[PDB]
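This report concerns only the one structure given below.
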Amino acid sequence: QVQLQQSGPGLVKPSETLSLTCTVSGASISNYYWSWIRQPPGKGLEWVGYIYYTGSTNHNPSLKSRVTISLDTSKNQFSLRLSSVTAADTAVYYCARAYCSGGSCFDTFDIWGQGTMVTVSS
Amino acid sequence: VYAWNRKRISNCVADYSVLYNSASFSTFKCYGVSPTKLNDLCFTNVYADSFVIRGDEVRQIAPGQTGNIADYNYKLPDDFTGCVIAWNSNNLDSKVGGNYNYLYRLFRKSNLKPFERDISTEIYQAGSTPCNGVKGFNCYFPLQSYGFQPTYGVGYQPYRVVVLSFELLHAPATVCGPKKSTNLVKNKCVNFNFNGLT
Amino acid sequence: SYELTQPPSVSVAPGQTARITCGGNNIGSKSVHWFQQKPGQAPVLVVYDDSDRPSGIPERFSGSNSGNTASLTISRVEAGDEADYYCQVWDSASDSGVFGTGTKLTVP
Amino acid sequence: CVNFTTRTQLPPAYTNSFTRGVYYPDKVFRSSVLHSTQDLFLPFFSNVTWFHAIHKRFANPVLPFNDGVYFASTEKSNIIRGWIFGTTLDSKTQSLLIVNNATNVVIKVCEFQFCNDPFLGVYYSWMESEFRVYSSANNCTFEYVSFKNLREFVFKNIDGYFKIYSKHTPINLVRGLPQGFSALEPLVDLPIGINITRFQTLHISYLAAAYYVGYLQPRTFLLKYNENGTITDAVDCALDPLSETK
Ligand SMILES: *[C@@H]1O[C@H](CO)[C@@H](O)[C@H](O)[C@H]1NC(C)=O
Ligand SMILES: *[C@@H]1O[C@H](CO)[C@@H](O)[C@H](O)[C@H]1NC(C)=O
Ligand SMILES: *[C@@H]1O[C@H](CO)[C@@H](O)[C@H](O)[C@H]1NC(C)=O
Ligand SMILES: *[C@@H]1O[C@H](CO)[C@@H](O)[C@H](O)[C@H]1NC(C)=O
């Protein structure tokens, strides 16, 4: 059973770089789209971006200029870097796997991580 | 498997005793013919197809079977007349770092016809947007690598599979099985058979 | 930017049918997916491809997508259905996942 | 393929078969006895078409095969090297190619794309280094590699078997088909299982031989096997009333 685990700093000062890592266990990180979703307190789920095993990456237009998604296949991990983090970035960050049935990866997410709370406070 | 090899066998003789009496084969199943009767039958032609698949996929190699291998890599006709042989090749087709030289077609918009080989490597378009040869969303490589390793399970370890399709058409019988002869006795009333003349 | 609108909350008694609506221009031309999120738990996919259910999802959940509205129908609502339901689509123009505002389903 | 701007061919010539073309009907020995059989024979005293092979590009002609062909050649050196058999003689259908190069004899059945002017060249001890007969050979269905002289052959495609009977004699005549009796012994039967309606001769080019072609017919014949089993004389049961009495 594929499992996703999120790690990172629980508290980040404003204007610093938030670095979150998602580790995939029980299956290869290859051949799947790995996406980051953020849930701000009191707000619904917000899509941050996705990365493919080939290195192809896309990001939410509102967060394109600050979000970088990287893949480390040797460690079966992928990392989200958010530059110039603000209080608006305080949220629960989950990593999710795109649902792939018959080899075609749909626009839905079937496996989600437990989420990590990131608080941006001075 | 998606590029399964094929050889034609015709105008020759073979002793199938070494074959069906060999214990080196994990799977040995004949449809339309008795495995112990091969030397007793002649055929106009034979096709020897060869490839590698993991153990769990071995069952897919049979008439009326479906699946990734059956539909997209190698398909047998329902009226197939011939034998299927398979044996583990973990020591040969597996590597410590993973043997990725073996691939199987994972994407296809249609199922393969019997004895159809599809070697297309075009990026599979899973959406309306064309891929233009660039991988991305709704754009995936049609082949998937096994990455065989010696530590994989029996169902995931590699197996070399040979399918012998025997065809007995209206053409003259060319492929047969050599019958062993007997010592000759002289000056005694006996029943003789010289090259079929009895 | 493409946006999805969901009712803030839906209250349905046990045994009744709960309908959660997701509004969006041209959403009918997109594949709509429904995720369920319980308090303190990660979102779980309940419906995909506007009608399909991942293995393990009870049959009582069903999805539909017509015109500019998608609907998640939960027949025979149970106490365990109390959760936030989110509709998600994919904007190919921005090639991005757009989530709805979420609907809080409560079972009094 | 080697292209020739000037392609020509000598006009055909006509002569008579006399009483050659007899070949053993079976592989069965008999001793000092007459045996009668109906098979494809070269009828005695038949019309035979003969031509020359020059070793301007003079090209051999493609001739129909009908039901069986008696081929003959009279030459000092082995100018004639082989033949091609089929119906379309192209890549659309399977085609048979028989040749005897300096090394050995090669017989291949494939979807050959034959050249317009099949060429085999030798240069001066004479050594052959040029072989340009077919442009392509795909979906091959068969392969097997093994003072004038009169070499005679009989080709018969029956029941998917191309049967070849042959004979080789030292002939002293300078011109014309020699009159005499000599049975053709079986060379080989190949189960190619193809259809043949035309054929063409294959010659060598030295950087002129003469050959004859006749056509078999279903005829009844009486052969006289000697004590040693050799075919000594034959009678065609339809040549003339005396033959019918015999
Ligand atoms: C052989 O045929 C040719 C025409 O094909 C004819 O002119 C000739 O007379 C024939 N031979 C005999 C002996 O009649
Ligand atoms: C090859 O030739 C054989 C002739 O026996 C024919 O049956 C077969 O269809 C041919 N195959 C191709 C691909 O042309
Ligand atoms: C040869 O001719 C026969 C009769 O005309 C036909 O039945 C058969 O199909 C032909 N074979 C080929 C290979 O054309
Ligand atoms: C048969 O052959 C032998 C030698 O090979 C010869 O001496 C004998 O005369 C032959 N028989 C006849 C009838 O010619």
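Letters A, B, ... mark the chains of the structure tokens in the order given; residue numbers begin at 1 per chain; ligand numbers begin at 1, in order shown.
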Interface residues on chain D facing chain B, 12 Å, only C-alpha atoms, written as a ChimeraX atom specification: /D:139-144,158-161,190-194
Grab the residues selected above and save them as a tab-separated table (two decimals), in the first residue's frame with N, CA and C atoms.
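File produced: again14.tsv:
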chain	number	residue	atom	x	y	z
D	139	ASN	N	10.30	-12.20	-47.57
D	139	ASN	CA	9.35	-13.25	-47.23
D	139	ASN	C	9.76	-14.56	-47.90
D	140	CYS	N	11.04	-14.88	-47.78
D	140	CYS	CA	11.56	-16.11	-48.36
D	140	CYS	C	10.81	-17.31	-47.81
D	141	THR	N	10.41	-18.21	-48.72
D	141	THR	CA	9.69	-19.41	-48.34
D	141	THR	C	10.51	-20.68	-48.48
D	142	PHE	N	11.61	-20.66	-49.24
D	142	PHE	CA	12.46	-21.83	-49.31
D	142	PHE	C	13.89	-21.42	-49.61
D	143	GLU	N	14.84	-22.22	-49.11
D	143	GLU	CA	16.25	-22.01	-49.38
D	143	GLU	C	16.97	-23.35	-49.29
D	144	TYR	N	17.84	-23.62	-50.26
D	144	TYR	CA	18.70	-24.80	-50.22
D	144	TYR	C	19.96	-24.53	-51.02
D	158	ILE	N	4.22	-30.54	-60.06
D	158	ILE	CA	3.02	-31.33	-59.81
D	158	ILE	C	2.87	-31.53	-58.31
D	159	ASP	N	1.67	-31.28	-57.80
D	159	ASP	CA	1.34	-31.56	-56.40
D	159	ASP	C	2.28	-30.82	-55.46
D	160	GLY	N	2.57	-29.56	-55.78
D	160	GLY	CA	3.45	-28.76	-54.96
D	160	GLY	C	4.90	-29.19	-55.00
D	161	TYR	N	5.25	-30.15	-55.85
D	161	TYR	CA	6.61	-30.63	-56.00
D	161	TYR	C	7.15	-30.20	-57.35
D	190	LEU	N	11.47	-30.77	-55.09
D	190	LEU	CA	11.39	-29.78	-54.03
D	190	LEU	C	9.94	-29.45	-53.73
D	191	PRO	N	9.48	-29.59	-52.48
D	191	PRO	CA	8.09	-29.24	-52.15
D	191	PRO	C	7.89	-27.74	-51.93
D	192	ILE	N	8.19	-26.96	-52.97
D	192	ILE	CA	8.05	-25.51	-52.86
D	192	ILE	C	6.58	-25.12	-52.73
D	193	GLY	N	5.70	-25.83	-53.43
D	193	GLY	CA	4.28	-25.55	-53.34
D	193	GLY	C	3.88	-24.19	-53.87
D	194	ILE	N	4.40	-23.81	-55.04
D	194	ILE	CA	4.08	-22.54	-55.67
D	194	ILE	C	3.50	-22.81	-57.05
May I have the residues within 6 Å of stretch 153-155 of chain D as a list in words, using only C-alpha atoms and disregarding those fewer than 5 positions away in the same chain? residues 68, 69, 70, 71, 163, 164, 165 and 166 of chain D
Given 9 Å and only C-alpha atoms and all ligand atoms, residues near ligand 4 as a PDB file with N, CA, C and O atoms, in the first residue's frame:
ATOM      1  N   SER D  32      15.103 -55.968 -67.472  1.00  0.00           N
ATOM      2  CA  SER D  32      14.836 -56.571 -68.775  1.00  0.00           C
ATOM      3  C   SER D  32      13.340 -56.793 -68.972  1.00  0.00           C
ATOM      4  O   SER D  32      12.855 -57.921 -69.064  1.00  0.00           O
ATOM      5  N   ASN D 226      16.549 -52.353 -69.331  1.00  0.00           N
ATOM      6  CA  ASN D 226      17.517 -53.390 -69.655  1.00  0.00           C
ATOM      7  C   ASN D 226      17.704 -54.296 -68.439  1.00  0.00           C
ATOM      8  O   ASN D 226      17.082 -54.109 -67.391  1.00  0.00           O
ATOM      9  N   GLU D 227      18.559 -55.312 -68.571  1.00  0.00           N
ATOM     10  CA  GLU D 227      18.913 -56.126 -67.417  1.00  0.00           C
ATOM     11  C   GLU D 227      19.497 -55.278 -66.300  1.00  0.00           C
ATOM     12  O   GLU D 227      19.200 -55.514 -65.124  1.00  0.00           O
ATOM     13  N   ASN D 228      20.315 -54.291 -66.642  1.00  0.00           N
ATOM     14  CA  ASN D 228      20.922 -53.411 -65.659  1.00  0.00           C
ATOM     15  C   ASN D 228      19.978 -52.313 -65.196  1.00  0.00           C
ATOM     16  O   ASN D 228      20.371 -51.487 -64.368  1.00  0.00           O
ATOM     17  N   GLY D 229      18.753 -52.281 -65.711  1.00  0.00           N
ATOM     18  CA  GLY D 229      17.781 -51.288 -65.314  1.00  0.00           C
ATOM     19  C   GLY D 229      17.829 -50.006 -66.109  1.00  0.00           C
ATOM     20  O   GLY D 229      16.983 -49.132 -65.893  1.00  0.00           O
ATOM     21  N   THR D 230      18.785 -49.865 -67.014  1.00  0.00           N
ATOM     22  CA  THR D 230      18.876 -48.663 -67.821  1.00  0.00           C
ATOM     23  C   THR D 230      17.715 -48.601 -68.801  1.00  0.00           C
ATOM     24  O   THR D 230      17.297 -49.620 -69.358  1.00  0.00           O
TER      25      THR D 230
END
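Neighbours of ligand 1 at a cut-off of 10 Å, computed so that only C-alpha atoms and all ligand atoms are counted, are the residues residues 12, 13, 14, 15, 16, 17, 45, 46, 47, 48 and 49 of chain D.
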May I have the selected residues written with C-alpha atoms, as a compact mmCIF listing (two decimals), in the first residue's frame?
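Result file selection.txt:
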# COMPACT_ATOMS: atom_id res chain seq x y z
CA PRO D 12 13.52 -17.55 -81.96
CA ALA D 13 14.56 -20.57 -84.00
CA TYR D 14 12.61 -23.79 -84.56
CA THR D 15 13.66 -27.44 -84.81
CA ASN D 16 12.38 -30.91 -83.97
CA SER D 17 12.75 -32.89 -80.76
CA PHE D 45 9.35 -35.54 -82.95
CA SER D 46 7.86 -32.41 -81.40
CA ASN D 47 8.31 -28.75 -82.26
CA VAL D 48 11.12 -27.29 -80.13
CA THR D 49 12.18 -23.65 -79.92
Taking the chain letters and numbering used in this document, name the residues of stretch 13-90 of chain C that DSSP puts in strand (DSSP E), as a ChimeraX atom specification. /C:18-23,33-37,44-47,61-66,69-74,83-90
Can you spit out the residues from that selection as a compact mmCIF listing (two decimals), in the first residue's frame, using N, CA, C and O atoms?
# COMPACT_ATOMS: atom_id res chain seq x y z
N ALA C 18 -28.79 13.29 0.56
CA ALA C 18 -28.10 14.57 0.60
C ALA C 18 -27.54 14.89 -0.78
O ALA C 18 -26.86 14.05 -1.38
N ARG C 19 -27.81 16.09 -1.27
CA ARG C 19 -27.34 16.54 -2.58
C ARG C 19 -26.45 17.75 -2.39
O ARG C 19 -26.90 18.78 -1.87
N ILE C 20 -25.19 17.64 -2.81
CA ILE C 20 -24.22 18.72 -2.73
C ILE C 20 -23.92 19.19 -4.14
O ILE C 20 -23.56 18.39 -5.01
N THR C 21 -24.07 20.49 -4.37
CA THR C 21 -23.96 21.07 -5.70
C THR C 21 -22.65 21.83 -5.84
O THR C 21 -22.17 22.47 -4.90
N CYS C 22 -22.07 21.75 -7.04
CA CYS C 22 -20.83 22.43 -7.39
C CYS C 22 -21.07 23.21 -8.67
O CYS C 22 -21.37 22.61 -9.71
N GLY C 23 -20.95 24.53 -8.59
CA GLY C 23 -21.24 25.41 -9.70
C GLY C 23 -19.97 25.90 -10.36
O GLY C 23 -18.96 26.14 -9.70
N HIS C 33 -14.66 15.72 -9.88
CA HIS C 33 -14.33 14.72 -8.88
C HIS C 33 -14.75 15.24 -7.51
O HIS C 33 -14.73 16.44 -7.26
N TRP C 34 -15.15 14.32 -6.65
CA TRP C 34 -15.61 14.65 -5.30
C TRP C 34 -14.74 13.94 -4.28
O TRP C 34 -14.55 12.72 -4.34
N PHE C 35 -14.22 14.73 -3.33
CA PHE C 35 -13.39 14.25 -2.23
C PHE C 35 -14.12 14.48 -0.92
O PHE C 35 -14.82 15.48 -0.75
N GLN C 36 -13.92 13.56 0.02
CA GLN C 36 -14.47 13.66 1.37
C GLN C 36 -13.33 13.84 2.36
O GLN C 36 -12.30 13.16 2.26
N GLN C 37 -13.50 14.77 3.30
CA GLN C 37 -12.48 15.08 4.30
C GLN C 37 -13.15 15.14 5.67
O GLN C 37 -14.00 16.01 5.91
N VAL C 44 -10.27 12.37 0.99
CA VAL C 44 -10.39 11.04 0.41
C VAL C 44 -11.28 11.13 -0.82
O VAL C 44 -12.38 11.70 -0.75
N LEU C 45 -10.81 10.58 -1.93
CA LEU C 45 -11.59 10.58 -3.16
C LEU C 45 -12.79 9.67 -3.00
O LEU C 45 -12.65 8.49 -2.65
N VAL C 46 -13.98 10.21 -3.27
CA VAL C 46 -15.22 9.45 -3.21
C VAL C 46 -15.82 9.23 -4.60
O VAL C 46 -16.42 8.19 -4.86
N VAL C 47 -15.67 10.20 -5.50
CA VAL C 47 -16.20 10.08 -6.85
C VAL C 47 -15.19 10.66 -7.83
O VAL C 47 -14.55 11.67 -7.54
N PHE C 61 -22.94 6.67 -2.52
CA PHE C 61 -22.38 7.86 -3.15
C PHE C 61 -22.55 7.76 -4.66
O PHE C 61 -22.34 6.69 -5.25
N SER C 62 -22.95 8.87 -5.29
CA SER C 62 -23.06 8.91 -6.74
C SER C 62 -22.76 10.32 -7.21
O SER C 62 -22.98 11.29 -6.49
N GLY C 63 -22.25 10.43 -8.44
CA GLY C 63 -21.90 11.71 -9.02
C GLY C 63 -22.63 11.94 -10.33
O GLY C 63 -22.97 11.00 -11.05
N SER C 64 -22.88 13.21 -10.62
CA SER C 64 -23.44 13.62 -11.90
C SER C 64 -22.87 14.98 -12.27
O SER C 64 -22.47 15.75 -11.40
N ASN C 65 -22.84 15.27 -13.57
CA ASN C 65 -22.31 16.54 -14.07
C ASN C 65 -23.10 16.92 -15.31
O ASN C 65 -22.99 16.25 -16.35
N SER C 66 -23.90 17.98 -15.22
CA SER C 66 -24.73 18.43 -16.33
C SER C 66 -24.65 19.95 -16.42
O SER C 66 -24.71 20.65 -15.41
N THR C 69 -23.44 22.56 -13.63
CA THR C 69 -23.63 22.10 -12.27
C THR C 69 -23.24 20.63 -12.15
O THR C 69 -23.67 19.80 -12.96
N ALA C 70 -22.46 20.32 -11.13
CA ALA C 70 -22.17 18.95 -10.73
C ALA C 70 -22.86 18.66 -9.41
O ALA C 70 -23.04 19.56 -8.59
N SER C 71 -23.26 17.41 -9.20
CA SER C 71 -24.02 17.02 -8.03
C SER C 71 -23.46 15.73 -7.44
O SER C 71 -23.25 14.75 -8.17
N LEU C 72 -23.22 15.74 -6.14
CA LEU C 72 -22.88 14.55 -5.37
C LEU C 72 -24.10 14.16 -4.55
O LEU C 72 -24.59 14.95 -3.75
N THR C 73 -24.58 12.93 -4.75
CA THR C 73 -25.77 12.43 -4.08
C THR C 73 -25.37 11.31 -3.13
O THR C 73 -24.75 10.32 -3.55
N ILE C 74 -25.73 11.46 -1.87
CA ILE C 74 -25.49 10.47 -0.83
C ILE C 74 -26.84 9.95 -0.38
O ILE C 74 -27.58 10.64 0.33
N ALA C 83 -18.89 15.47 7.16
CA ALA C 83 -17.55 15.80 6.70
C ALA C 83 -17.63 16.91 5.67
O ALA C 83 -18.71 17.32 5.25
N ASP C 84 -16.46 17.41 5.27
CA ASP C 84 -16.37 18.43 4.23
C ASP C 84 -16.19 17.76 2.88
O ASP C 84 -15.26 16.96 2.68
N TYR C 85 -17.08 18.08 1.94
CA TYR C 85 -17.03 17.54 0.59
C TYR C 85 -16.54 18.62 -0.37
O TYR C 85 -17.06 19.74 -0.37
N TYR C 86 -15.55 18.28 -1.18
CA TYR C 86 -14.91 19.22 -2.08
C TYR C 86 -15.03 18.73 -3.51
O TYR C 86 -14.73 17.56 -3.79
N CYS C 87 -15.45 19.61 -4.41
CA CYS C 87 -15.45 19.31 -5.84
C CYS C 87 -14.20 19.88 -6.49
O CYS C 87 -13.82 21.02 -6.25
N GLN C 88 -13.57 19.06 -7.33
CA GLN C 88 -12.32 19.40 -7.98
C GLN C 88 -12.44 19.12 -9.47
O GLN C 88 -12.95 18.06 -9.87
N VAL C 89 -11.97 20.06 -10.27
CA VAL C 89 -11.92 19.92 -11.72
C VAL C 89 -10.53 20.34 -12.18
O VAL C 89 -9.72 20.84 -11.40
N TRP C 90 -10.27 20.12 -13.46
CA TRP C 90 -8.99 20.48 -14.05
C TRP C 90 -9.21 21.51 -15.15
O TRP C 90 -9.92 21.24 -16.13
Work out how far atom CA of residue D:30 is from atom CA of residue D:179, in Å to one decimal.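 If I compute the distance from atom CA of residue D:179 to atom CA of residue D:30, I get 26.0 Å.
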Contacts of residue D:88 at 9 Å (only C-alpha atoms; same-chain gap of 5+ positions) as an MDAnalysis selection string: chainID D and resid 93:95 196:198
Within 7 Å of chain B: residues of chain A, using only C-alpha atoms, as a list in words: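 Residues passing the distance filter: residues 56, 103 and 104 of chain A.
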Which residues, written as a PyMOL selection string, have at least one atom at most 7 Å from residue A:47, with only C-alpha atoms counted and residues fewer than 2 positions away on the same chain left out? (chain A and resi 36-38+45+49+60) or (chain C and resi 97-98)
Report as number ranges by chain: the residues of chain C with a DSSP assignment of helix (DSSP H, G or I), based on the backbone of this structure. C: 27-29, 79-81
Those same residues - N, CA, C and O atoms - I'd like them written as a JSON list (two decimals), in the first residue's frame.
[["chain", "number", "residue", "atom", "x", "y", "z"],
["C", 27, "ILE", "N", -18.43, 23.68, -16.45],
["C", 27, "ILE", "CA", -17.99, 22.53, -15.66],
["C", 27, "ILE", "C", -18.49, 21.23, -16.28],
["C", 27, "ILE", "O", -17.87, 20.17, -16.11],
["C", 28, "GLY", "N", -19.61, 21.28, -17.01],
["C", 28, "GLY", "CA", -20.12, 20.09, -17.66],
["C", 28, "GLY", "C", -19.17, 19.50, -18.68],
["C", 28, "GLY", "O", -19.22, 18.30, -18.95],
["C", 29, "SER", "N", -18.30, 20.33, -19.26],
["C", 29, "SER", "CA", -17.31, 19.87, -20.23],
["C", 29, "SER", "C", -16.05, 19.34, -19.57],
["C", 29, "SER", "O", -15.16, 18.85, -20.28],
["C", 79, "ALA", "N", -24.44, 8.67, 9.98],
["C", 79, "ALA", "CA", -23.70, 9.54, 10.89],
["C", 79, "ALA", "C", -22.25, 9.70, 10.47],
["C", 79, "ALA", "O", -21.63, 10.74, 10.75],
["C", 80, "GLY", "N", -21.69, 8.70, 9.79],
["C", 80, "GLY", "CA", -20.31, 8.78, 9.34],
["C", 80, "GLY", "C", -20.08, 9.68, 8.14],
["C", 80, "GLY", "O", -18.93, 9.94, 7.79],
["C", 81, "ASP", "N", -21.15, 10.15, 7.50],
["C", 81, "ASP", "CA", -21.02, 11.02, 6.34],
["C", 81, "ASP", "C", -20.75, 12.47, 6.72],
["C", 81, "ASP", "O", -20.48, 13.28, 5.83]]
Give me the residues within 7 Å of stretch 52-60 of chain B as an mmCIF file with N, CA, C and O atoms, in the first residue's frame, counting only C-alpha atoms and dropping any in the same chain fewer than 2 places off.
data_model
loop_
_atom_site.group_PDB
_atom_site.id
_atom_site.type_symbol
_atom_site.label_atom_id
_atom_site.label_comp_id
_atom_site.auth_asym_id
_atom_site.auth_seq_id
_atom_site.Cartn_x
_atom_site.Cartn_y
_atom_site.Cartn_z
ATOM 1 N N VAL B 1 8.085 -8.667 -24.749
ATOM 2 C CA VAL B 1 6.797 -9.241 -25.120
ATOM 3 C C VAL B 1 6.103 -8.387 -26.174
ATOM 4 O O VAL B 1 5.519 -8.919 -27.125
ATOM 5 N N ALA B 62 -2.892 -17.698 -23.612
ATOM 6 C CA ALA B 62 -3.772 -18.812 -23.934
ATOM 7 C C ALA B 62 -5.004 -18.291 -24.663
ATOM 8 O O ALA B 62 -5.378 -17.123 -24.490
ATOM 9 N N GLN B 65 -7.996 -15.576 -23.395
ATOM 10 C CA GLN B 65 -7.455 -14.849 -22.257
ATOM 11 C C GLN B 65 -7.312 -13.371 -22.594
ATOM 12 O O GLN B 65 -7.052 -12.996 -23.740
ATOM 13 N N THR B 66 -7.482 -12.534 -21.576
ATOM 14 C CA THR B 66 -7.363 -11.092 -21.705
ATOM 15 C C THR B 66 -6.340 -10.573 -20.704
ATOM 16 O O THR B 66 -5.795 -11.321 -19.888
ATOM 17 N N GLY B 67 -6.086 -9.271 -20.778
ATOM 18 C CA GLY B 67 -5.125 -8.635 -19.902
ATOM 19 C C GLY B 67 -4.175 -7.734 -20.660
ATOM 20 O O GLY B 67 -4.306 -7.566 -21.876
ATOM 21 N N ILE B 69 -0.931 -8.157 -21.365
ATOM 22 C CA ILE B 69 -0.136 -8.899 -22.336
ATOM 23 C C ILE B 69 -1.023 -9.429 -23.454
ATOM 24 O O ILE B 69 -0.685 -9.330 -24.640
ATOM 25 N N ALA B 70 -2.176 -9.995 -23.093
ATOM 26 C CA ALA B 70 -3.063 -10.571 -24.097
ATOM 27 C C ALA B 70 -3.575 -9.508 -25.059
ATOM 28 O O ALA B 70 -3.692 -9.756 -26.264
ATOM 29 N N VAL B 154 7.859 -14.783 -7.380
ATOM 30 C CA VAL B 154 7.767 -15.707 -8.507
ATOM 31 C C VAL B 154 6.845 -15.142 -9.579
ATOM 32 O O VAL B 154 7.136 -15.225 -10.778
ATOM 33 N N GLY B 155 5.724 -14.555 -9.167
ATOM 34 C CA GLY B 155 4.819 -13.927 -10.111
ATOM 35 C C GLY B 155 5.383 -12.698 -10.789
ATOM 36 O O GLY B 155 4.856 -12.291 -11.830
ATOM 37 N N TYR B 156 6.432 -12.099 -10.224
ATOM 38 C CA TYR B 156 7.085 -10.937 -10.808
ATOM 39 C C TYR B 156 8.443 -11.264 -11.410
ATOM 40 O O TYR B 156 9.000 -10.432 -12.133
ATOM 41 N N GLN B 157 8.991 -12.444 -11.135
ATOM 42 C CA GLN B 157 10.265 -12.805 -11.729
ATOM 43 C C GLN B 157 10.087 -13.130 -13.210
ATOM 44 O O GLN B 157 9.016 -13.575 -13.634
ATOM 45 N N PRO B 158 11.122 -12.916 -14.018
ATOM 46 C CA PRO B 158 10.980 -13.130 -15.462
ATOM 47 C C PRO B 158 10.825 -14.602 -15.808
ATOM 48 O O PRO B 158 11.331 -15.484 -15.112
ATOM 49 N N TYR B 159 10.118 -14.854 -16.906
ATOM 50 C CA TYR B 159 9.916 -16.182 -17.454
ATOM 51 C C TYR B 159 10.034 -16.089 -18.963
ATOM 52 O O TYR B 159 9.355 -15.270 -19.593
ATOM 53 N N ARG B 160 10.893 -16.925 -19.536
ATOM 54 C CA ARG B 160 10.992 -17.038 -20.981
ATOM 55 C C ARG B 160 9.897 -17.966 -21.484
ATOM 56 O O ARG B 160 9.718 -19.076 -20.963
ATOM 57 N N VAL B 161 9.155 -17.496 -22.485
ATOM 58 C CA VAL B 161 7.981 -18.175 -23.013
ATOM 59 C C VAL B 161 8.177 -18.387 -24.506
ATOM 60 O O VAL B 161 8.535 -17.450 -25.236
#
